[PDB]
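Summary of the model geometry
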Amino acid sequence: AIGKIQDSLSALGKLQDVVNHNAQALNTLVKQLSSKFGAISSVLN
Amino acid sequence: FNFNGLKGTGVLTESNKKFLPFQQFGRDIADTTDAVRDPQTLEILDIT
């Protein structure tokens, strides 16, 4: 009965979701720097 | 550094990328320049 456990694996979506949620917030946070918000440009130099 | 207009900051190193024979500089994911070509010597340099 314990041996069958590997067959069911070879599930962890709850662990991948944690990784995805943070990766998505970091990808969005960086992308929000390319926005003009109604200014003449988006680059302070 | 400044490359024919392109203004930036970083360390320049020999690259191993291959541009197409009409492209001057490259950008990475999230749209930031990460490689340029020297107009004079035609060599690809990474920007770290």
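Residues numbered from 1 in each chain as written, not as in the entry; some residues may be left out. Chains lettered and ligands numbered in written order. Part of a larger assembly, values for the part shown. Heavy atoms only, no water.

As recorded in the PDB header, cryo-EM is the method behind this entry, and the stated resolution is 3.3 Å.

**Concerning the overall build of chain B**
Of the regular secondary structure elements, chain B holds zero helices and six strands. Counting helices and strands in the order they occur from the N terminus, chain B gives β-β-β-β-β-β. Principal-axis analysis of the C-alpha atoms places the extent of chain B at approximately 25 × 20 × 20 Å. A buried classification covers 25% of the 48 residues belonging to chain B. Relative to all contacts within chain B whose residues are 6 or more apart in sequence, the contacts with residues 24 or more apart total 38%. Taken together, the 5 basic and 7 acidic charged side chains of chain B have centroids lying 5 Å from each other. (Helix = DSSP H or I, 4+ residues; strand = E, 2+ residues; numbered from the N terminus. Buried < 20%, exposed > 50% of the residue type's maximum accessible area, 1.4 Å probe, protein only. Contact = heavy atoms within 4.5 Å. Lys, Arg positive; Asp, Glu negative; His and termini not counted. Charge placed at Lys NZ, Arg CZ, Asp CG, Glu CD.)

**Focus: the pattern of salt bridges**
All names here are of chain B. Counted according to the given criterion, the structure contains two salt bridges over all chains. Note that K17 is salt-bridged to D34, the shortest N-O span being 2.7 Å. Remark: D34 occurs in strand 5 (residues 33–37) and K17 occurs in the loop between strand 3 (12–14) and strand 4 (25–27); sequence separation between them is 17 residues. One salt bridge in this structure joins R27 and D31, with 2.9 Å as the shortest N-O distance. (Salt bridge = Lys/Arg side-chain N within 4 Å of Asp/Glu carboxyl O.)

**With respect to the packing of aromatic side chains**
Residue and element names in this part refer to chain B. Taken as a whole and assessed by the stated rule, the structure comprises one aromatic pair over all chains. When the centroid spacing of 5.3 Å and the interplanar angle of 45° are considered together, the rings of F1 and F3 count as tilted. Using a relative accessible area of 32% as the deciding quantity, one classes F1 as partly exposed. Accessibility expressed as a relative area gives 15% for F3, which makes it buried. (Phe/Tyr/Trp six-rings, centres within 6.5 Å; stacked < 30°, edge-to-face > 60°.)

**Remarks on the sheet that holds strand 6 (residues 44–47) of chain B**
Residue and element names in this part refer to chain B. Spatial strand order, 3-6-5-4: four strands in an open sheet with antiparallel pairing. Two strands in the sheet have a free side with no partner beyond their single neighbour: strand 3 and strand 4. Averaged over all adjacent pairs, the angle separating strand axes in this sheet is 30°, with direction ignored. Direction of pairing for strand 3 relative to strand 6: antiparallel, over a ladder of three bridges. (Pairing = 2+ DSSP bridges. Axes fitted to C-alpha atoms, helices over the stretch in contact; angles between N-to-C directions.)

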